[PDB]
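Trainee: this one is an experimental structure. Sequence first:
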Amino acid sequence: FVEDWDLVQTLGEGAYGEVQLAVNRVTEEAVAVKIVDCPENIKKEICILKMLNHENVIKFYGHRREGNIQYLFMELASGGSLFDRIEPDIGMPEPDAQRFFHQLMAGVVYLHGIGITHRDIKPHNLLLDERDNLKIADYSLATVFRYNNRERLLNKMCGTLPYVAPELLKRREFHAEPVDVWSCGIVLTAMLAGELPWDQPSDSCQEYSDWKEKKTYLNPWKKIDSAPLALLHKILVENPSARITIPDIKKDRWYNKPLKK
Ligand SMILES: Nc1ncnc2c1ncn2[C@@H]1O[C@H](COP(=O)(O)OP(=O)(O)NP(=O)(O)O)[C@@H](O)[C@H]1O
């Protein structure tokens, strides 16, 4: 079907391009292939993809272009997505949420350490392997924010509104890492409550104003235990310079609470 690989079933559908299960005729290995038909975007995407080597990031195996279709071969995540484990209005058990958050932080420290920002962290982009290990997927908006040890500020507005940090809507230029931290906090909220707190983090949004006025007797907050809520209070801080960094998340009390066998 494509060189030595047989394309056997549809795993999902993207904006521009489906993902299929592909099985090697000789070795029997099953991978995923993203099929894509704005052509410079994939060259950048491929270039970032070749950099990735971590247990909580989807691995890139290579690509082949046939005609105008690019085939991106990658690690298969056969457990579906984190979005499927979140029950609406409920979330998931706190131990399971803590485990996924620890894995998410591991993958995000990894990306940041190679100078890559993901820019669209959300449950649909966090896939699971067959042992429910989390894999950060989808590098279509990813970009370099540090190169030769020099940081560059971002200016492009991108991502998904309910997950996006407020500076991205307010500031001409902004630091990459606190944006990804913020999206992880919205992810953690979703996992603990089964609901997103706001349409977008703007002063025109009542639910966002209500959080900034600390009305945590409202939903989703009132569904979340005090210990993880204290962490969310340090993550979902409007001023990105005052927002908690990953090294400090790792010192948080709930982060370090024993919960799971
Ligand atoms: N490596 C993988 N293993 C298993 N399923 C995958 C894999 N990659 C993607 N998928 C599924 O295919 C879907 C669409 O692929 P992808 O194009 O990467 O996401 P998307 O929804 O299109 N976002 P974008 O590419 O930004 O439009 C994903 O949401 C997953 O459900």
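Mentor: Good, I have the coordinates. Residues are numbered from 1 along each chain as shown.
Trainee: now do the same contact list for the residue nearest to residue 169 when sequence neighbours are not counted.
Mentor: Excluding the flanking residues, the one nearest residue 169 by C-beta to C-beta, 6 or more residues apart in numbering is residue 202, at 5.7 Å. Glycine gets a C-beta too; all of them are placed from N, C-alpha and C. Going by C-beta atoms under 8 Å, 6 or more residues apart in numbering, residue 202 touches 166, 169, 208.
Trainee: mind checking which of these are buried?
Mentor: 166, 208 (16 or more other C-beta atoms under 10 Å).
Trainee: so what's the residue count around the closest residue to the ligand within the stretch 101-250 of the chain?
Mentor: Per C-beta to the nearest ligand atom, residue 140 is where the stretch 101-250 of the chain lies closest to the ligand, at 3.9 Å. A count of nearby residues for residue 140, using other C-beta atoms under 10 Å, gives 21.
Trainee: ok, it - contacts?
Mentor: 41, 45, 120.
Trainee: does it count as helix, strand or coil?
Mentor: coil (DSSP: H, G, I helix; E, B strand; the rest coil).
Trainee: next, it: phi, psi?
Mentor: Main-chain dihedrals, residue 140, degrees, to the nearest 10: phi -70, psi -20.
Trainee: hmm, back to that, closest one of the contacts of residue 140 to residue 96?
Mentor: residue 120 (22.9 Å; C-beta to C-beta).
Trainee: got the contact list for that closest one?
Mentor: 138, 140-141, 158-160, 163, 183.
Trainee: now these in CSV, with distance to residue 116?
Mentor: Shown next, in CSV, are these (distance: C-beta to C-beta, whole Å):
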residue, distance to residue 116
138, 13
140, 13
141, 11
158, 14
159, 15
160, 18
163, 18
183, 15
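Trainee: name the nearest residue to residue 49, ignoring sequence neighbours.
Mentor: residue 60 (3.8 Å).
Trainee: same check, this time on residue 240
Mentor: residue 178 (3.8 Å).
Trainee: pull the contacting residues for the one you found.
Mentor: Counting by C-beta under 8 Å, 6+ apart, residue 178 has contacts 165, 167, 240-241, 243, 245.
Trainee: and residue 58, by the same measure?
Mentor: If you count contacts by C-beta under 8 Å, 6+ apart, then residue 58 has 52, 74-75, 77, 127, 135-137 around it.
Trainee: just confirm residue 80 contacts residue 126, I think it does.
Mentor: No - assessed by C-beta atoms under 8 Å, residue 80 is found out of contact with residue 126, at 10.4 Å.
Trainee: and the contacts of residue 58 near the ligand, which?
Mentor: 74-75, 77, 127, 137 (C-beta under 6 Å from any ligand atom).
Trainee: dump the residues you listed to JSON lines, plus secondary structure.
Mentor: Below are the ones next to the ligand among the contacts of residue 58 laid out as JSON lines (three-state DSSP):
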{"residue": "74", "secondary structure": "strand"}
{"residue": "75", "secondary structure": "coil"}
{"residue": "77", "secondary structure": "coil"}
{"residue": "127", "secondary structure": "strand"}
{"residue": "137", "secondary structure": "coil"}
